[PDB]
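Structure record follows, encoded as structure tokens.
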Amino acid sequence: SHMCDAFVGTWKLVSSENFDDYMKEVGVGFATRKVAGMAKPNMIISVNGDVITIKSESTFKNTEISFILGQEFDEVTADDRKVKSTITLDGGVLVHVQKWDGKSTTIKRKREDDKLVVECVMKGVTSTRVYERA
Ligand SMILES: O=C(O)[C@@H]1CC[C@H](Oc2ccccc2)C[C@@H]1COc1cccc(Cl)c1
């Protein structure tokens with residue numbers, strides 16, 4: 001057993017708060033905000049050795065990232081940003097920092113009861129996205 005055991009599995013989005021304002025802060029345009037904001041993604045998290053994989057599947061876009069903790073990688077986000085990402089574990093929370101165009105956003109993922117809670121922060125704006133097991 002290991003580092004991210006409690007994150008592994010298949011998860012479905014059940015609630016979202018303040019996501020449009022977060023996307024606006026990130027710089028997402030109108031049409032993408034509308035379509036992306038409708039989506040109810042499934043997130044599939046797996047671990048193989050040191051490599052963590054997070055897949056998301058939705059009506060809007062499918063994305064996939066594989067990474068080693070602390071080791072920067074290139075990511076294409078669902079809104080088509082080309083970012084440089086670093087993901088670490090801080091006290092049981094996955095902390096994902098994305099850098100692009102001189103900007104930065106942080107996504108934190110934690111287990112809370114039977115949920116996986118995703119908090120997305122850009123400057124002073126937070127969005128909270130809650131997932132349940134699928
Ligand atoms: O897990 C979440 O809900 C985070 C939400 C913010 C980030 O994504 C963003 C998505 C759109 C705009 C800005 C940022 C990462 C993940 C969600 O990734 C996906 C992947 C494919 C399709 C969809 Cl619709 C969302």
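Values below: every heavy atom of this structure, side chains too, minus hydrogens, waters and symmetry copies. Numbers for residues simply follow the sequence, beginning at 1.
Heavy atoms from other residues, nucleotides or ligands lying under 6.0 Å from NZ of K84 number 12 at most. Counted within 6.0 Å of NZ on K115, heavy atoms from surrounding residues, nucleotides or ligands total 12 or fewer; the atom is thus considered open. Annotation for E17: atom CD does not count as buried by contact number, only 12 or fewer foreign heavy atoms lying within 6.0 Å.
Taken from OG in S85 to CD1 in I65, the straight-line distance is 6.5 Å, to the nearest 0.5 Å. Expressed to the nearest 0.5 Å, how far OG1 of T88 lies from CG of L94 amounts to 8.0 Å. Here CG of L13 is found 10.0 Å from OG of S56. Values are rounded to the nearest 0.5 Å. Put simply, CE on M122 and CG on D21 are 13.0 Å apart, with the number rounded to the nearest 0.5 Å. Here the NZ atom belonging to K55 is positioned 9.5 Å from the OG1 atom belonging to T63, to the nearest 0.5 angstrom.
At least one side-chain heavy atom of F7 sits under 4.5 Å from a side-chain heavy atom of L116. You'll find the side chain of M43 stays beyond 4.5 Å of the side chain of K12, heavy atoms only. Considering only heavy atoms from C-beta on, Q98 comes within 4.5 Å of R81 through its side chain. At least one side-chain heavy atom of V83 sits under 4.5 Å from a side-chain heavy atom of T77. Looking only at side-chain heavy atoms (C-beta outward), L89 and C4 come within less than 4.5 Å of each other.
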### Task
Apply side-chain contact (heavy atoms from CB on, under 4.5 Å) to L69 and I52, showing your working.
CA-CA 8 Å; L69 295 168; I52 303 164; 3.8 Å; yes
### Task
Start with the C-alpha distance between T128 and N18, add both sets of side-chain angles, then the distance that settles side-chain contact (heavy atoms from CB on, under 4.5 Å), and finish with yes or no.
CA-CA 7 Å; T128 304; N18 210 225; over 6 Å; no
### Task
With side-chain hydrogen bond (donor to acceptor under 3.5 Å, both in side chains) as the test, would you mind laying out the steps for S15 and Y131 before giving the verdict?
CA-CA 7 Å; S15 69; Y131 293 77; over 6 Å; no
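Without hydrogens or angle criteria, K108 side chain to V118 main chain gives no donor-acceptor distance under 3.5 Å. Between the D5 side chain and the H2 main chain, a donor and an acceptor come within less than 3.5 Å of each other. Here the side chain of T86 pairs no donor or acceptor atom with the backbone of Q71 at under 3.5 angstrom. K82 places a side-chain N or O within 3.5 Å of a backbone atom of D80 that can act as its donor or acceptor partner.
Linking ILVMFWY side-chain heavy atoms closer than 4.5 Å, directly or via other members, places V51 and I54 in two distinct hydrophobic clusters. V28 and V35 fall into different hydrophobic clusters, defined by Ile, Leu, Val, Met, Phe, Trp and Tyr side-chain heavy atoms under 4.5 Å apart, directly or through other members. Each of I44 and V47 belongs to its own hydrophobic cluster when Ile, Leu, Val, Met, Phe, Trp and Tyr are linked at side-chain heavy-atom distances under 4.5 angstrom.
When all heavy atoms of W11 and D114 are compared, the pair lying nearest together is CZ3-O, 3.6 Å. Nearest heavy-atom pair across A36 and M23 is CB-SD, 4.2 Å. When all heavy atoms of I107 and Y22 are compared, the pair lying nearest together is CG1-OH, 4.4 Å. The two residues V97 and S104 make their nearest non-hydrogen contact at CG1-OG, 3.6 Å. Scanning both residues, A6 and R111, for their nearest heavy atoms gives O-NH1, 2.9 Å. The two atoms that bring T105 and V121 nearest to each other are OG1-O, 2.7 Å, heavy atoms only.
Here salt bridge (charged side-chain N to carboxylate O under 4.0 Å, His left out) pairs that include residues 33-51, with residues two or more places apart or in two chains, are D20-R33.
With sequence neighbours left out, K123 forms a side-chain contact (heavy atoms from CB on, under 4.5 Å) with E25. Under the rule for a ring pair (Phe, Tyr, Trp, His ring centres under 6.0 Å), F60 has no partner lying at least two apart in sequence or in another chain.
Ionic pairing of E119 and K110 is present here: one or more N-O contacts between side-chain nitrogen and carboxylate oxygen are shorter than 4.0 angstrom.
Note: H96 and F73 have tilted aromatic rings, judged against thresholds of 30 and 60 degrees for the angle between ring planes.
Cation-pi check for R129 over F19 is met; the charged atom lies under 6.0 angstrom from the ring centroid and within 45 degrees of its normal.
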